[PDB]
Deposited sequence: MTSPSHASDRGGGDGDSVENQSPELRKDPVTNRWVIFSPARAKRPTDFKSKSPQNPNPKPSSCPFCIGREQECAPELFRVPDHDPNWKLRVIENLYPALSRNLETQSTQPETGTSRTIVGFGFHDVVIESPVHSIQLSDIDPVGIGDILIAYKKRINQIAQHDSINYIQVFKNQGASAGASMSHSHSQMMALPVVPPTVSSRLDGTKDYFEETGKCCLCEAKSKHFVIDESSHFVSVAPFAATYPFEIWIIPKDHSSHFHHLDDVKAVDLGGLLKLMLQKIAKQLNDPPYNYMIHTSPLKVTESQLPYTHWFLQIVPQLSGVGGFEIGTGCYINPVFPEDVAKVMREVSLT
């Protein structure tokens, strides 16, 4: 039977309206991002290893940026100042992120952190969205493995909503709701520093959140040990998704603190990584209301995903 559920992190109701194990995907050899072709890319910010011609990753400016870094002094309407960068995740054209080894994924995570720390030097930036698209229908335009970073001059709606809901919950219980993840959501897998779950009031079917076990407000406070540990758990979730759902397109999104987060917000602000496989679309109900309809309960997603074997 259908149910509405709410969670402080989304701060909204979702409708659950249902077999879970019957859910499946319904979806060049070179390119400018390939090693050797660097002059065909927008300006480089840095690579790993540093200035090594034999690079493992590169962070570059987006050639078609959504926001303009040249509008900084200019700052109903505000100017479209921001940063839009691309993280090229492999020198090799055909390797997908989930095929990269945990240490290599750790290096990407650490590169997000290095770049965030660079952007955080600009007072005009209020939030940085790190995200990945895999698959045309999940918004990828390039087949080569990569992810993107968009730095914004405003705190966007999800972040505002999250701050509001987590604050209300903290005032109500004295607790950070993500510190309570193992009792509040449905655990899937656990690594040394992170736990993956099917979110109690998940927006999307087979949505998974990977959540630091320690209270951590900022993604970019990640260290190298946590990075490789997170890399391994991210890899695992992506490979279980790819097996269970027949390699669907997907997106992942890092949800982190605003750059000007206040001391008072710290106790209930806890970063996490959201993975959303693309399984279904929306129509007029969701557009009209901002309420989603999820056909699979998280109880059931967790059961399924815990039983996934990769051998």
Q: Residue ranges with no C-alpha coordinates, please: along the deposited sequence, counted from 1, in order.
A: 1-21, 40-43, 53-59, 108-115
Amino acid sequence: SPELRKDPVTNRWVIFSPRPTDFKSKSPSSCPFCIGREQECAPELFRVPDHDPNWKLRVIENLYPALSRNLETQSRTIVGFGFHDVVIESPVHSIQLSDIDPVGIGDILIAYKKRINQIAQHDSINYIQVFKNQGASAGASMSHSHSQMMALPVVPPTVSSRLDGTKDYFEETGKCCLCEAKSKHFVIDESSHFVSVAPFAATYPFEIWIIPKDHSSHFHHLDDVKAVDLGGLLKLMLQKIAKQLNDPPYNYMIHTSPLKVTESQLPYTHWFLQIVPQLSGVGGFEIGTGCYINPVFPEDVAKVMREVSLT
From here on, numbers count along this sequence of modelled residues.
(Q) What about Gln274, left without coordinates in a third or more of the other entries of this protein that model its neighbours? (A) no
Q) Relative to the other PDB entries of this protein in the set, is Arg19 coordinate-less in at least a third? A) yes
Q | Mean C-alpha B-factor comparison - 141-149 and 199-207, higher one | A | 141-149
Q: Taking the mean of the C-alpha B-factors per stretch from the entry, tell me the winner out of 280-288 and 51-59.
A: 51-59
**Q.** Identity of residue with top Cα B-factor, from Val86, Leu222, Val154, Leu238
**A.** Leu222
Q. Looking at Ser29, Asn251, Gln265, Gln244, which has the highest Cα B-factor in the entry?
A. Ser29
Q: Name the third of the chain's ranked CA B-factors that contains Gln39, choosing lowest, middle or highest.
A: highest
Q.
Looking at the temperature factor on the CA atom of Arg162, which third of the chain's modelled residues does it land in?
A. lowest
(Q) Taking only the Cα B-factors deposited for this chain, tell me whether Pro91 sits in the lowest, middle or highest third. (A) highest
Q) Should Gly80 be placed in the lowest, middle or highest third of its chain by the C-alpha B factor in the entry? A) middle
Q. Which third of the chain does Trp13 land in by C-alpha B-factor: lowest, middle or highest?
A. middle
